């Protein structure tokens, strides 16, 4: 029974430390939040986080080549065996120069990035300290990670490195991401997305004198028309959009360079690949069609295909033990686990066939990704919410 961990003496002792040092945890939320971490600019926060992982007593603390900070809670099993990884991301959505100063308002704390995902960073440190102080023994090692690149164009670069290049790539057999404050959260699905800019070029020419030459505007417009005839099922949810366009200089000239940006997403890797392949075929057919319709005497239309965003789709089956563990603990805590799809760091693990769930840090929060983001650190709910992830984690690593 996974929820039995909640009645073990070690868990109960660890919760009492989380309780005792909740004020330390809040101080660390504030400290980390005020070290800004825009996309691709996480190094300063990673350096501070690595020092805090060392101060929590973790072993082998280091920052890897991608910029992830990590430390190990060593278990009782053989060195190098299967391990559990739990990550909270260092980056926020907010660009460099965003003023970040926490404003206290009763038990509420207002600052960009404080809930997605800085609180989770502090919650994981609190776990590591409470586990060590209470003497918890786990069967599998736990790798605590502050990872880079969950947000925006980071495109999961940190977890991609952790799980395909880094020292733990062959050991992670259970992956958790702690993202956001909702501790009832159980993200078992990953929405994938593929994004492209298509730049169409042609010879150009005077719009009167050279009327009859190919026009890349038309190949581009034809692409959009056929793109919106691609079938898209309602379930698994599958979507696409023609979203941004530009090009041309004036009505005196046939354009020689124009572009369109396209989005495609799906809950299903198979549906996403199908849309992506249909799209790429449409781009090529639209170019061929323009070169057939008008004159290529001054040169043909060509298209440059540039990928501008890439996240895999995937899902952890509801019968997987990691999901069973999260479900059972969240239920035993009196919350309602409702499995959902999202686009989170767990998408990467899912795409590798690694069992993976994204969970929440606890408490109340709102307006994530907005300049008026805030969390409530009133102790009763903040502490109780933080105890949820600890139970899920220890159920999954196993305790002695």
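Residue numbers count along the first chain shown, from 1.
- The deposited model assigns a higher average Cα B-factor to 365-373 than to the other stretch when 365-373 and 41-49 are compared.
- Per the PDB record, of the two stretches 238-246 and 110-118, 110-118 carries the greater mean B-factor over its C-alpha atoms.
- Considering 83, 278, 328, 159 together, the PDB entry gives 328 the largest C-alpha B factor.
- Across the options 294, 229, 103, 197, the residue with the most elevated CA B-factor in the record is 103.
- In this PDB entry, the Cα temperature factor of residue 134 sits in the top third of its chain's modelled residues, the highest group.
- Annotation for residue 353: CA B-factor lies in the lowest third of the chain's modelled residues.
- Compared with the other modelled residues of the chain, the Cα B-factor recorded for residue 262 ranks in the lowest third.
- In the PDB entry, a CA B factor belonging to the middle third of its chain's modelled residues is recorded for residue 211.
- Ranked by Cα temperature factor within the chain, residue 98 sits in the highest third according to the deposited record.
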